[PDB]
């Protein structure tokens, strides 16, 4: 199936098409039917393999636009590094032209990111340390998150973000949809699946 063969808003297909994105990778192909219907998923694939559209498209399709200034984000993607946050935020912005995406990360001051969140956000793509910083401050509000994504969870684990990732998830509504991406499914990922996910479907494309 091409992306056109999935039930996606015309605008989203248009955006995809204009970016030379036509073909889901195997993990995306298998993930989309479940993810588009709001189901929790665990995606297991070799690091670097393309899987962004397995969550980007479900977020884009699920979230309608909003203009409510100061509005809280309805999607949260946690990722290990500034580089990935910028990369993921970028791709999501492209596939979801109707949504305001804000990247959040450490290694810089608070102001700018803080003022974006204050202006409003539809999706936040964040590193866990900085995200937790903004939560306990009261700046990042996670009480309206409908979709939470854990990107490169193995690396988030190796970096020592376990406790931060869990605190952030715990701050979101349990009724949310959750998508977890782990290359090796270590003990921590299994604990996440058990505690923070609802009957997650596992898709493993390692071969």
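Numbering follows the first chain given and starts at 1. In this text, rigid core is short for the largest set of C-alphas that superpose within 1.5 Å between two forms.
Engineer: Using RMS Cα distance over all structures and residues, flag whichever of 117-125 and 103-111 lies farther from this form in 4 other deposited structures of this protein after a core fit.
Structural biologist: Clearly, after the core fit, the stretch farther away in 4 other deposited structures of this protein is 103-111.
Engineer: After fitting on the rigid core, pick out whichever of 44-52 or 58-66 shows the bigger RMS C-alpha deviation in 4 other deposited structures of this protein.
Structural biologist: Result of the core-fitted comparison in 4 other deposited structures of this protein: 44-52 deviates more.
Engineer: Determine, for stretches 73-81 and 96-104, which one has the higher mean CA B-factor as deposited.
Structural biologist: Taking the mean C-alpha B-factor of 73-81 and of 96-104, the larger value falls to 96-104.
Engineer: In the PDB record, does 153-161 or 138-146 carry the higher mean Cα temperature factor?
Structural biologist: Going by the record's values, the stretch with the higher mean is 138-146.
Engineer: Based on what the PDB entry reports, which of 88, 126, 123, 118 has the top C-alpha B-factor?
Structural biologist: The listed residue with the largest C-alpha B-factor is 118.
Engineer: Given 176, 39, 46, 51, identify the residue with the highest C-alpha B factor in the PDB entry.
Structural biologist: Among 176, 39, 46, 51, the PDB entry lists the largest C-alpha B-factor for 46.
Engineer: Taking only the Cα B-factors deposited for this chain, tell me whether residue 57 sits in the lowest, middle or highest third.
Structural biologist: Answer is middle: the recorded C-alpha B-factor places it there.
Engineer: Just say lowest, middle or highest third for the CA B-factor of residue 170 relative to the other modelled residues in its chain.
Structural biologist: Ranked within chain, residue 170 CA B lands in the middle tercile.
Engineer: Going by the entry, which third of its chain does the Cα temperature factor of residue 192 land in?
Structural biologist: According to the entry, residue 192 has a C-alpha B-factor in the chain's middle third.
Engineer: Could you place residue 64 in the lowest, middle or highest third of its chain by Cα temperature factor, using the values in the record?
Structural biologist: It falls in the top third of the chain.
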